[PDB]
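Okay, structure first, notes after.
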Amino acid sequence: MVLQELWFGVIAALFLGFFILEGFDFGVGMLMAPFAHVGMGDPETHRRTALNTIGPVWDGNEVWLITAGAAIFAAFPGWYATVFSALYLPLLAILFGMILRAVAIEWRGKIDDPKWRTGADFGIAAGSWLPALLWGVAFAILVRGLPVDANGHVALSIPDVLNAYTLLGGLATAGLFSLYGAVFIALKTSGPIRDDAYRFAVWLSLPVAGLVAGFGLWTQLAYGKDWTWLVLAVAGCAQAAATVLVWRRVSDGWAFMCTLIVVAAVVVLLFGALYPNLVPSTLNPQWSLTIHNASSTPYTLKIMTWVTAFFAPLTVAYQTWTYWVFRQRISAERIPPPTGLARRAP
Amino acid sequence: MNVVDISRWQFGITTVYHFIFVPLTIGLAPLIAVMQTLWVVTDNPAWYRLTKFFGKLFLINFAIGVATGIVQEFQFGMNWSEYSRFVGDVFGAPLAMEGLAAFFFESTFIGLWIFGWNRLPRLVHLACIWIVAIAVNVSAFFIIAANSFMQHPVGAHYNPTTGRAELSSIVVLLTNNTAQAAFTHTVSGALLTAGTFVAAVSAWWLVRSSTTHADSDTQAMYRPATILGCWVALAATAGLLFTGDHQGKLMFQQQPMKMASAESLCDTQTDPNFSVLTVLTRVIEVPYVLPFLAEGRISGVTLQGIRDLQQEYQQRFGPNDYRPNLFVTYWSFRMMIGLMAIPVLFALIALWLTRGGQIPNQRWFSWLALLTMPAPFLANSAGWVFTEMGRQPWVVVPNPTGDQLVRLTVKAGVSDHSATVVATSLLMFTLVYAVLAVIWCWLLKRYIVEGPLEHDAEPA
Ligand SMILES: CCCCCCCCCCCCCC(=O)OC[C@H](COP(=O)(O)OCC(O)COP(=O)(O)OC[C@@H](COC(=O)CCCCCCCCCCCCC)OC(=O)CCCCCCCCCCCCC)OC(=O)CCCCCCCCCCCCC
Ligand SMILES: CC(C)=CCC/C(C)=C/CC/C(C)=C\CC/C(C)=C/CC/C(C)=C\CC/C(C)=C\CC/C(C)=C/CC/C(C)=C/CC/C(C)=C/CC1=C(C)C(=O)c2ccccc2C1=O
Ligand SMILES: CCCCCCCCCCCCCCCCCCCC(=O)O[C@H](COC(=O)CCCCCCCCCCCCCC)COP(=O)(O)OCCN
Ligand code: HDD
Ligand code: HEM
Ligand code: HEM
C-alpha cells in the first residue's frame, strides 16, 4: 500500500538530508590537513578557523545518520538486518572513524600541546576520510546488489565488495564531499582562508566532475530507471554551474548551492535506481528484498508517519534556525587565543 | 569460543562503556540548567563561574557519551540480525521516535548552548540548556521503553505467517509497567551520579581552598555547589529506594527466574532469607528483605526455586538450559545494592561539615570525596548488568500474561558471522574504547585540579 513507498521515500529523504548536511562536515574534516600545509601564517590558526565553521552544527548533523538507521530499522526490519550484517566489515571502519571524530572535535582544544593536537587531527582526519570513502562504497554495493539466497542469508565475498564500480563510488563520494567542504568554507569564512578554500575547490573542480559524471553515468546506464535520466541531467547541469562559479569567483552562496544540488542529485539517483528492491539479489531477482515484503506492518508504518509528520518539519524548522544564528562569517582575527592547559600540570 | 559468546561479550562491553558516561549527562544536565537559571534570576557571579566550570566537565563527558552511543545504534543489525527481524516491527518504533524526539533536540541545542554564550539573549540561551535537560530525559524513556519490551513484551502479537512479532498499540507499548518503573529508576540513578559528582568535586575544592591556594572568593563559590549536590544526592537516593521497591514488585511477577537469580534459591522456599556472601554457604543471611521486595509484605510469600522453574520452563517451552549466570547476577545485584552506602554516607558527612556556614579543612574529607565519585558509576553499571544478565537465556523474555509465542532465545537471535570476523570487532572496540576512557578520565582529572579558569571569572 501507499505507506510502504511513502516511508521508502522518507528513509531516502533522511539520507538526502544526511549527505546534504554531513557532506560538508566530512569535507571540512578532509581539508583541515591541506589547509595547514598550504595556508600562510601559523598552521594552527587556519585549522581552528576551518574547524569552527562546523563547530556548532556538526553534532546536530550527525544525528541524521542515527535517525536514518533507526528509521530503516523501524520501517524495514528486513532491510536493516540483511544489509548491516552483510556490510559488517565496511561498516566497522565507518564506525571507527565516527567514534574518533566525535571525541576529537570536542577534545582538540582542551589541552595546549603540539603532540595532543596532532593526535586529535588524526582522529578528525581518520573520522572523515573513512566515512566519506566507505559511504560511497556502501551505497554502491546496494545498487549493484548482494548475493542473497532464498532463505535470506548473504555469504558475502571479497569481489562483491571491492569491485571496480564500488571503488569508483568511494572515490566519487570522497571527492564530491571534499569539493563540497571547500565551497562551504568559502561561504562561511573570510580573509585568506577563503582564498585558500577557493584554491582547493579549483583543483577539485575538474577531477571530481570526472568521477561524479563517470559514477553517475555508470549507475544510470546499468541500474538506472527511465526517469533517473533527469536526475543525472540536473546533476550534470548543476556541476557545470558549480565548476564555473569556483573558477570565476562571482558568488559564494551560489557555488555552495550548485554543489549541494549535485550531492542531492547523487543521493536521489542511487535511491531512484533502487526504488522497488531494497537489496537486489545477484543470485536471483526473485529472492531480492522488496518494499512489499521487507516492510513493517501497516499499523507500525501508520504510527511512525504521524510522529515523523510532526517532528521532521519541526527538526528542520529549528535546524535551519541554528544555521541562521551562526550565519556571520568567521575569520582568523575573530578566533580567540587557545584556552587549553599545559600537558605538565605546574 | 563460539560466535554467540563473542557477540554477547562485544555487546556487553560496548554498552557498559557507553553507560559509564550516560549517567553523568542525564543527571548533570538538569544540574547545569539549575545553576544557570539561578545565575540568571540572582545575577550572582558565583553561579556563573560554576556553570562555566561544570560546563567544561559536562561537555568533556558529553563528547565521549555520543561517541560510544553511535556503535550501539548499528550493533543490532550487525551481530543480531536474526533478532532484529523478530522484534524490528515493534522494537524500531521506540528507537526511531527517540532519534526524532530526543537526539535531534539535545544534539542541536547543545551546540547552541556552547557557542551562544555571547550571541543569543540570556533568556533564549537559558532555554537552550533546559531543552537539552528535557531531551536527555526523554531519550532515556524511549530507549528504556524499548528494552522494557524485551524484559516484558506487551502490546505485540506473534504472526505465524511472517514469523515475527508485530505491533498492536503503541500506547500500550510505551506505558507498560516495566518502562515506567525502569525509567523512573534509571533517571534517579543518573541524578544520584550527577549529584555525587558535583558534591565530591565541590567538597574536594572546598578543602583544597581552605588548606591550600587560600582564597575567600573560590570557597564562597563552591559551598553552594556542595550543598546543592549533597541535597540532590539525598533526594535521588530516596527516589531510588521507592523506584527500586516498585521494580521488585514487577520482577517477581514478570521474570520469576530473575528474582530467583538475585538470591540464588536452589529450591522453592517460603519467606526466603537474603544472604550477603556465598562461596551454598549462605554467609550472614538477612530476612524480611526478599518478601518485601516481592510484594512489600514481611511474610506470606513463596519464591520459586531455580530448579523448580527449570522444570516448568522446560515443560512449557522445550529442552534448554534456562539458568542464568547465577554468580554474575548475584554479585552484580549485591554490588548495586551495596554501593548506595558510599554516596549516601558521603552526602550526610558533607552536609554536617558545611552546617552553619562552616568550611571543612580535613584532609581525610578530600580522600572520602575522591573515593565517592566512582561509586555511582559502578552502581549504575552493576544494575544494568544484573537486569540484562538476569534474563540470559532469553533476548525477548516470554510474558506470563501475554502472547507466549513472543519469545526468542539468544542463540536464535545472533547473526551468522564467522568467529574470526566478530573477534576483530571485539578487539577493535575494546582497545579504542579503553584508550578513549583513559583519556576521558585524565581530562576530567586535569580540569578538576584547575577549578575556575581565569577568563571565566566575569560574566561581562
Ligand atoms: C510526511 C513526512 C515527510 C515526507 C518527506 C517527503 C516524502 C517523499 C515521498 C516520496 C513518495 C514516492 C512514492 C512513489 O514513488 O511510489 C511509486 C509511484 C508509482 O508506483 P507504481 O505503481 O509502481 O508505478 C507503476 C510503474 O511506474 C512501475 O514500473 P516503473 O519502473 O516504470 O516505475 C517505477 C517508478 C515510477 O517513477 C515515476 O513515475 C515518478 C518518478 C519521480 C519520483 C519522485 C522523485 C523526484 C522527487 C525528488 C525531488 C523532490 C523535490 C525537490 O518508481 C518510482 O516512482 C521511483 C520513486 C523513488 C523516488 C525516491 C527518491 C527519493 C526522494 C526523496 C525526496 C525527499 C525530499 C524532501 O510513483 C509515483 O508516481 C508517485 C508520485 C511520486 C511523486 C513524488 C513527489 C514528492 C516530492 C517531495 C516533495 C518534498 C517537499 C516536502
Ligand atoms: C559497602 C560497599 C559494601 C561496597 C561493597 C559492594 C560489593 C559487595 C561489591 C561486590 C563486588 C565483587 C566482590 C565482585 C563483582 C562481580 C562481578 C562479576 C561484577 C560485575 C562488574 C560490574 C558490576 C561492572 C563492571 C565495572 C565497570 C563498569 C568498569 C570497570 C572499570 C573500567 C574503566 C572498565 C573498562 C570497561 C571494561 C573493561 C568492561 C568489561 C567488563 C564488563 C562490561 C562486564 C559485563 C559482563 C559480564 C560481567 C559477564 O560476565 C558477561 C558474560 C557474557 C557476556 C557478556 C558479559 C558482560 O558483558
Ligand atoms: C580470560 C581467560 C579465560 C580462559 C581461562 C578459564 C577462566 C576460568 C574462570 C571462568 C569461570 C569457570 C569456567 C566457566 C564455565 C563456563 C561458564 C559458566 C557456565 C554457566 O552456567 O554460565 C554460562 C555463562 O556463559 C557466559 O556467557 C560467560 C562465560 C563465563 C565468563 C563470565 C565472566 C564472569 C567474570 C566477569 C568479571 C567482570 C570484569 C570487569 C572487571 C551460561 O551458560 P549457557 O546459557 O551458555 O548454557 C548453554 C548450555 N548448552
Ligand atoms: C538511560 C539512558 C540511555 C540508555 C539506556 C542508552 N542511552 Fe544512548 N544516550 C543516552 C541515553 C541512553 C543519552 C543520555 O541520550 C545520550 C548520552 C549523552 C548523549 O549523547 O545522549 C545517549 C546518546 C546516544 C547516541 C548518540 C546520540 C547523538 O548522536 O546525539 C546514540 C546513537 C545512542 N545513545 C544509542 C543508544 C543505544 C543504541 C542504546 C542501546 C542500549 C543506548 N543508547 C542506551
Ligand atoms: C535500550 C538499552 C538496551 C538494549 C536494547 C539492550 C539490549 C541488549 C541486547 C540485544 C543484548 C544482546 C543479547 C544478550 O546479550 O543477551 C544485550 C546484552 C547486554 N546488555 Fe544490554 N541492552 C540495553 C542496555 C544495556 C545497558 C545500558 C547495558 C550495560 C550498561 C547493557 C548491558 C548488557 C550486557 C552486559 C549484555 C550482555 C548480556 C548477555 O549476554 O545476556 N545493556 N542487551
Ligand atoms: C535498594 C536499592 C536498589 C534496589 C532495590 C534496586 C533494585 C533494582 C532492580 C529491581 C532493578 C531491576 C531488575 C530488573 O528489572 O530486572 C534494578 C536495576 C537497576 N538499578 Fe537498581 N536498585 C537499587 C539501587 C540502585 C542504585 C543505587 C542504582 C544506581 C546508582 C541503581 C541503578 C539501577 C539501574 C541502572 C538499574 C538498571 C536497570 C533498571 O532499569 O532497572 N540501582 N535495581
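Just so you know, all these numbers are worked out from the coordinates, no wet-lab data involved. Cβ atoms come from the backbone with ideal geometry, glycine included; neighbour counts cover every protein chain shown.
Quick notes on this structure:
- When Rg and the Kirkwood radius Rh are both evaluated on Cα atoms of the protein assembly as shown, their ratio Rg/Rh stands at 0.98.
- Distant-in-sequence amide H partners of A:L289 (H built 1.01 Å from N, under 5 Å): A:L278, A:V279, A:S281
- Cβ-based charge dipole, the stretch A:2-297, positive-most Cα from A:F139, A:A75, A:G23: A:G23
- The stretch B:259-322: C-alpha gyration tensor shape, a/c 1.5 cut-off, then a/b vs b/c: oblate
- Considering only B:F317, B:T68, B:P45, the residue lying farthest towards the positive end of the dipole of chain B is B:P45, judged by Cα position with unit charges set on Cβ.
- By the count of neighbouring beta-carbon atoms within 10 Å, fewest first, B:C230, B:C441 end up ordered B:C441, B:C230.
- Among A:46-55, B:392-401, the order from most to least packed when residues are scored by Cβ within 10 Å on average: A:46-55, B:392-401
- Gyration tensor over alpha-carbon atoms, chain B, equivalent ellipsoid semi-axes in Å: 41, 27, 20
- A straight line joining the Cα centroids of the stretch B:20-89 and the stretch B:109-123 runs 17 Å.
- Distance from the stretch B:396-460 to the stretch A:128-145 (C-alpha centre basis), Å: 26 Å
- Scaled radius of gyration (Cα, divided by 2.2 N^0.38 Å) that the stretch A:2-297 gives: 1.02
- What the Cα atoms of the stretch B:200-240 give is an Rg and a Dmax of 12.0, 38 Å.
- Kyte-Doolittle at least 1.6, axis length at least 18 Å by Cα - qualifying DSSP helices, chain A: A:88-107, A:228-247, A:252-272
- Reducing the stretch A:3-28 and the stretch A:208-284 to their Cα centroids gives an inter-centroid distance of 14 Å.
- In chain A, taking the dipole from charged Cβ atoms about the Cα centre, the farthest positive-side position among A:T290, A:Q220, A:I124 is held by A:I124.
- Applying the Karplus relation 6.51 cos²θ - 1.76 cosθ + 1.60 with θ = phi - 60° to the stretch B:383-396 yields 3J(HN,Hα) values of x, 5, 4, 5, 5, 7, 6, x, 10, 3, x, 10, 9, 9 Hz, where x marks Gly and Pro.
- Ordered by the number of other Cβ atoms lying within 10 Å of each residue's own Cβ, fewest first, A:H37, B:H417 fall into the sequence A:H37, B:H417.
- For the stretch A:157-234, fraction of C-alpha pairs farther apart than 21 Å, in %: 43 percent
- Relative to the Cα centre, the charge distribution of the stretch B:2-94, modelled as +1 at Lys and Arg Cβ and -1 at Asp and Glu Cβ, gives a dipole magnitude of about 360 debye.
- Relative contact order %, chain A, counting alpha carbon pairs below 8 Å whose residues are six or more apart: 26 percent
- Within a Gaussian network of chain A (alpha carbon springs, distance under 10 Å), most fluctuating of A:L206, A:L274, A:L179: A:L206
- Computed magnitude of the charge dipole of chain B (debye, nearest 20; Cβ of K, R +1, Cβ of D, E -1): 520 debye
- About its Cα centre, the stretch A:2-297 has a charge dipole of approximately 380 debye under the convention of +1 per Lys or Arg Cβ and -1 per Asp or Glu Cβ, with nothing else charged.
- Ranked list, fewest to most other Cβ atoms within 10 Å of each Cβ, for A:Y299, B:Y433: A:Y299, B:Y433
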